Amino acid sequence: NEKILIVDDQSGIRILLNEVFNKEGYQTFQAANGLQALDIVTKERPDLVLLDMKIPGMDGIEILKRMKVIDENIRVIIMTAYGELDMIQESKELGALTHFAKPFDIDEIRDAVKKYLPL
């Protein structure tokens, strides 16, 4: 029943993550930019978002703020590129659950969402 939206500009990684959580029984969706994402959040209203903050043109902080407006029950976990202080701080402020840096420990990501979005 749980839905997870994976936002990432890179097919390879995005597709790998998707599988990790499909394999877990989660209804997963995928987005490559903040526009698509915003769209899916609107349409599907996922429980959690795995949001890549490094997307060209993309202001991840802004999309994070919008998701919430759209759906205030959505929880987000941001993916940093080797964690950046100010983004991590604004996100905590925005309500993000945690942050994971890439390259990631898939197992740790896994463990993390299961804990945050128990099936």
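All residue numbers refer to positions in the sequence shown, first residue = 1.
Asker: Which is higher on average in the deposited entry, the C-alpha temperature factors of 73 to 81 or of 86 to 94?
Answerer: The stretch with the larger mean CA B-factor is 73 to 81.
Asker: Highest Cα B-factor in the deposition, which of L50, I63, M53, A31?
Answerer: When the deposited C-alpha B-factors of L50, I63, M53, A31 are compared, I63 is largest.
Asker: Ranking the modelled residues of this chain by C-alpha B-factor as given in the entry, is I15 in the lowest, middle or highest third?
Answerer: Ranked within chain, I15 CA B lands in the highest tercile.
Asker: Taking only the Cα B-factors deposited for this chain, tell me whether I6 sits in the lowest, middle or highest third.
Answerer: Its C-alpha B-factor belongs to the middle third of this chain's values.
Asker: Comparing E24 with the other modelled residues of its chain, is its CA B-factor in the lowest, middle or highest third?
Answerer: According to the entry, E24 has a C-alpha B-factor in the chain's middle third.
Asker: Consider only the C-alpha atoms of the modelled residues in this chain, order them by B-factor as the entry records it, and name the third containing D111: lowest, middle or highest.
Answerer: It falls in the bottom third of the chain.
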